[PDB]
Every structure is written in C-alpha cells, then in structure tokens.
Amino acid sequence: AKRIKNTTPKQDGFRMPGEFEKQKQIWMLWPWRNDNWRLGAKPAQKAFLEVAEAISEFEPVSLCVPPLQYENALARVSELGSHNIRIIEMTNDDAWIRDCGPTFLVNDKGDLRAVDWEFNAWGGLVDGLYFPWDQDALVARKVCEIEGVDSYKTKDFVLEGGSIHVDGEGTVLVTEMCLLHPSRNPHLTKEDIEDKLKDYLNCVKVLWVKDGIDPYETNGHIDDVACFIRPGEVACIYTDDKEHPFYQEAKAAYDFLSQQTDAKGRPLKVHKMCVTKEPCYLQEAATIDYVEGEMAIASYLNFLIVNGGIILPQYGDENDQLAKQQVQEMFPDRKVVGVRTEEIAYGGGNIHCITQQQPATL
C-alpha cells in the first residue's frame, strides 16, 4: 500500500474505468454530526442502512464508521441478516465517501491503482461547508491501505469524486461552475486543470457543462445534472416547467450535451431523467445544532451504478415512479431498486454522493 510519485496514471497505463463496468464492492461512510444531520443523525443513519442493504443483493458493501458509532452500525447490519456487508472502523468529519474517497484506477491487466485528490470540504476556508476536514482527507489514504492498492497524490490539486463523470475511453464530464470556482484551484488555469484531469483519469477530452443545480453548496457538481450511462450514451435531467428551479440549468445542459461528441467520435445519445415536482421541505430543523421548511436539492440523477443493479433515490415525489421507469429504459438488463434516500437529501447530496465503488480485477 505505497504511493507512486514520479509518474502519472497516463504514463503508468491506468484509467478510471466507467462507473458501470464490473466492480468488486462499494464503499460508504456513516453520518454522525449534529451540525448537519437532524435528530442526532439517527434518521439519516437508517437511510444509510437501507441504501447499504440495497447494494447487498448485487455486491459486497464496505461500511466505514467512526469508532463511536461502530458497535451500533454492526448491531444494525447483523439485525438485517448480515450478508456481505462488512463494518470497518474509520473516522470522518462527514459521510461523503464519493468526494473525499479514493478514485480507483486500472491497467486492464489485473493491477488496481488509485488517485487521491486534495479535499478541502468543497471550498475550504474560502467556501467550505464545515471547518475541520482533516479526518476526511485521511479517508482516501486509509481505504487504499486496507485494500492493498498504491495511489497517486495530486498535490495542491483539490478535486472531489462526485464532480466528475467518466466513460471507459478518454473522456470525462466536469462542471466549470465548480472546478473553476475560486475556492478550488485558483492558481490553476482552465488549461492546467484539463491537463491534470487528462493525466490522472486518462481522458484525452474534457466536456465542460456549464452551470449546476448546486449554486452555493457543492458549487455545482456534475453528479447531480448528468453522467455516462454507457460509453457514448449519457443521462441528464430535463423538465419543461419554465417555473421549476432547475429548468434553465437542466435545459442549458441538455443543449450542451446533445451538441457534444466524445473522444472516440460517436455523438452523445442524450437521455432524459425527470426532476421532482415538489422540493423536499426540511422539517424538525431545530434539532440541527448551529456553530426550517427550507428547500433541499432532490435529484434522481443521484443514482449508483453497481454491476447488475441500480440504486435510485425515492423522495416520495409525484414524478417518482416515473424516475424508476426512466432509469429502467437506460439500463434494461439491470435490476433497479429504489430507497427513501430523502432523509439524506436534507444533508445536501444523495445516494451517489455517499458511495464509492471499487472496480473488480482478477
């Protein structure tokens, strides 16, 4: 479990494989802080428990929980039959393995590497969500240790997992409203940043969507608006309601996507996901310590692509059952499962934002 430091994945012959490709398991943290999760985080925990139990039927889950809520998580995972879910002890300031976590790589020859980015809590001292983010910056290194996989460290380059989507071949989907944000690499030019993404992902081309539905939190991550459902085909939220908060950004994205081609050349067969018709109304906001009824993001594009299955969010919206239908179209040969991950949407992020899959090898 060492650290390669004199070369880049591109030279070393590694590449972040498509989320859809075959994978050994999934990694996910455990919510605890009252600063962000209501009611001692008990609800969110149960919400995490389910989203975990869901991956169960498709592959194993690596649930990492802080030492203080360990005995608990283990008593609840055994309470659910306890199949292929393992509880490993791991500290974190907040449960967002998608961002702070490791972004694995592969050389297509069996070896499994990884790229550990710098994490500053989505912004840092300039615009970060919370302050002490040092334990999260450890999560990526720690998880590569108990897995026996070397890693590349992008020094001074702060990037979070759920801000980039990739397809098997040299192409990635970033959101300039975030990667260019001043609280994220303001010493690097849009040119420099592309080069990095090309060296640590092995993407000969970077598609720049241009506004996000995460104005001031994640700073407009792309794992909320679109993604790659297959090398060439992609997903994307789309509504016609000209009075819906995500209308323009979504359409602006759709127009960009549909008019965009990838590396190998094929056009992007853009798909259509739906958006809620009623935003999640935060309740019991009083139990959220400070250092109600306010709207919180709830996107169906926040789904995880395991092998032979899909874990989709079900907020209990009107256009809910439609989401499960739409996703079904995209991945016909994949059982789709849905969970009430609405309770975690009150924390700013969904199913995708709380998982991280590890590509299988041999």
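Don't overthink the numbering: it's just position in the shown sequence, from 1.
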| query | finding |
| --- | --- |
| Deposited residues omitted from coordinates between residue 291 and residue 292, as a class | 4 to 9 |
| 346-354 versus 9-17 - which carries the larger mean C-alpha B factor in the record | 346-354 |
| Stretch with the greater mean C-alpha B-factor as recorded in the entry, comparing 147-155 against 122-130 | 122-130 |
| From 257, 227, 188, 237, residue of greatest CA B-factor | 188 |
| Candidate residues 241, 108, 160, 214, the one whose C-alpha B factor the record puts highest | 214 |
| Residue 172, C-alpha B-factor rank within chain (lowest, middle or highest third) | lowest |
| Residue 283 CA temperature factor, ranked by third within the chain | highest |
| Modelled-residue ranking by C-alpha temperature factor, third containing residue 141 | lowest |
| Third of chain Cα B-factors occupied by residue 84 | middle |
| Third of the chain's Cα B-factor distribution that residue 273 belongs to, per the entry | highest |
